[PDB]
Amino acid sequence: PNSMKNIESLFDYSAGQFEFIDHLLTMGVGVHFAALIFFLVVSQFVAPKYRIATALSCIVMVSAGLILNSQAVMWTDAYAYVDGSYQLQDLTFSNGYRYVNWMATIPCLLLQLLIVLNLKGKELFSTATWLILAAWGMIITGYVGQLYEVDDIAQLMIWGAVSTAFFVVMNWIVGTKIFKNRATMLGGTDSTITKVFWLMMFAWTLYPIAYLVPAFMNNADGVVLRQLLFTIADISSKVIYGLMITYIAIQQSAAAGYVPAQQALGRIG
């Protein structure tokens, strides 16, 4: 459906290129589901005020892990090794599924940051609202732009610019709330949380770069690079980010007198 609107459909792949993509996607599944079990086990050491932040990482792990799994299966469904190359057999592969999944996962990532920032009540509700709207604005417009990556690069760029406005405004909201709420943070996490900001600015910026690959590297190796970029970006923005969020949740929990948190940190000290 969208499969012919993505540059992946244009090319035959060497076994090397094809299998590297398959393995990237598969390693990403393994990383997400491994991290899942960690987040799960460690949630008992998080105080009730913050426990939802760790639960949101579990949710993101399974959500992203399922899309990666699905991507790996669709990739192998779409191509068969015919006459010395992987050649397109049918219209099962599209990057569109990621974009659709971000509608759920980006709001989860954002919400767990707000939680550990100690926002509550009306401020939590209003901040999450504006952020989710700005995130949906960005994803929807990017989703549309990406439908033109084969036959209209100008259109890809302009939907991209529009998506970028949303991104920039969401980042402004994120950064403002981070920098204005640092002083509420317990246990030294005032310092940790600024590294979370930077990690997000880094990892999230990789996605617009992946998006632009059709404009600067429209060939089978740009297809590989795009998946590589997604892979680096997924693990950074979801796994590493989630581990830092969970660190911050446990650390604040212990500083606030939650005994299982204290015992957990004490027994790794």
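Position 1 is the first residue in the sequence shown; the rest follow in order. Whichever C-alpha set is largest while still superposing within 1.5 Å between the two forms counts as the rigid core.
Asker: Given a rigid core fit, name the stretch, 91-99 or 130-138, whose C-alphas are on average farther from the form shown here in 7 other deposited structures of this protein.
Answerer: Looking at 130-138 and 91-99 in 7 other deposited structures of this protein, the bigger mover is 91-99.
Asker: Which wins on mean Cα temperature factor, 83-91 or 127-135?
Answerer: The deposited B-factors put 83-91 ahead on the C-alpha mean.
Asker: Take the C-alpha B-factors listed in the entry for 11-19 and for 252-260, compute each mean, and give the stretch with the larger one.
Answerer: Mean B over CA atoms: larger for 252-260.
Asker: Going by the CA temperature factor in the entry, name the top one among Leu199, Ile140, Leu186, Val116.
Answerer: Comparing C-alpha B-factors across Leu199, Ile140, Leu186, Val116, the maximum falls on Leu186.
Asker: Whose CA atom has the top B-factor in the entry, of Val100, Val150, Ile173, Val73?
Answerer: Of the options given, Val150 has the highest CA B-factor in the PDB entry.
Asker: Lowest, middle or highest third: where is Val42 by C-alpha B factor in its chain?
Answerer: Highest third.
Asker: Which third of the chain does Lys195 land in by C-alpha B-factor: lowest, middle or highest?
Answerer: Middle third - that is where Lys195 ends up once the chain's C-alpha B-factors are sorted.
Asker: Please place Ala104 in the lowest, middle or highest third of its chain according to the CA B-factor in the PDB entry.
Answerer: Middle third - that is where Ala104 ends up once the chain's C-alpha B-factors are sorted.
Asker: By the record's CA B-factor, is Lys238 among the lowest, middle or highest third of residues in the chain?
Answerer: Lowest third of the chain for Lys238's C-alpha B-factor.
Asker: Considering only modelled residues of the same chain, in which third does the CA B-factor of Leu56 rank: lowest, middle or highest?
Answerer: Its C-alpha B-factor belongs to the lowest third of this chain's values.
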